[PDB]
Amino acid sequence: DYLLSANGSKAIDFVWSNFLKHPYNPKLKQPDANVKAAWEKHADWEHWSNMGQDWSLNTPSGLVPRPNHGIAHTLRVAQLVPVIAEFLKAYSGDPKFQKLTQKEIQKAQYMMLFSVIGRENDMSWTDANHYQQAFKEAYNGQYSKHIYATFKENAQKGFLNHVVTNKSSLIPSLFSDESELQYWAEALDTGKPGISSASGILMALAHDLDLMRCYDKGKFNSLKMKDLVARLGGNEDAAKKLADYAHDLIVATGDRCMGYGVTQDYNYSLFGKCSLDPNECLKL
């Protein structure tokens, strides 16, 4: 179980201590008034309050920051990677999954520990496109760095700060050489790398299955479950087994589950205990 390897432990401690335990950035909670006014003209866009959604969650043991993209989500999506790889080996009929090696699956798991470290709020990519356009429309065409390019930069800086002092522990046992580590540093992006490769698709499915925490059943089914069914050779029973695993990891961490299976609200005490100590997620 690679999250318990010396390399997995060191990365978990790094992402928890330097990123995931900290609050989102109050400067990114909402736009300035001029940007708000430009945004509000686009009546088709979701409201700019999306920038402040899911900001924190009160629990009996502490205020959990970034509750939709925190340590519990990070460790579940990492845990899902080798399990999704086994379902794709068993059911997909696709040789690029059948041939995935253990070291390739460990690299994809390891990289998912860094998948959301750069976020400074919970806004979506579309929300960030709206902020950039409303900023240009409020300020006479002026460029503003797209917020998800900020987030990628934040995550790449964290990833490169960690790997630079750990190259002898990482190479060649996990990354075969510095070129393979280079490709992953360039690929790293928020949520999933968006790359069509056996590893890229495995990492995207891990991020997508965990979205049952925050999508309702209709939405999850249309956007994610039908494509999973097709990825697993059309086998709905196989897809249900894998979505049931993801559901059970979510509810084990006390998190909400809205999009699949038996829905449940937060178990606040359990979610606070899991979110305020990475070791409680691993023990589950």
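So that there is no doubt, residue numbering starts at 1 and follows the sequence shown.
- Mean C-alpha B-factor is higher over 257-265 than over the other stretch, the pair under comparison being 6-14 and 257-265.
- Note on 202-210 vs 176-184: mean CA B-factor is higher in 176-184.
- Each of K241, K226, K41, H69 has a CA temperature factor in the record; the biggest one is found at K226.
- Highest CA B-factor among the listed residues (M51, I250, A230, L63): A230.
- Per the PDB record, residue ranking by Cα B-factor puts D94 in the highest third of the chain.
- Ranked by Cα temperature factor within the chain, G118 sits in the lowest third according to the deposited record.
- Among all modelled residues in its chain, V83 ranks in the lowest third by Cα B-factor.
- Compared with the other modelled residues of the chain, the Cα B-factor recorded for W125 ranks in the middle third.
- Among the modelled residues of its chain, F151 has a C-alpha B-factor that falls in the lowest third, as given in the PDB entry.
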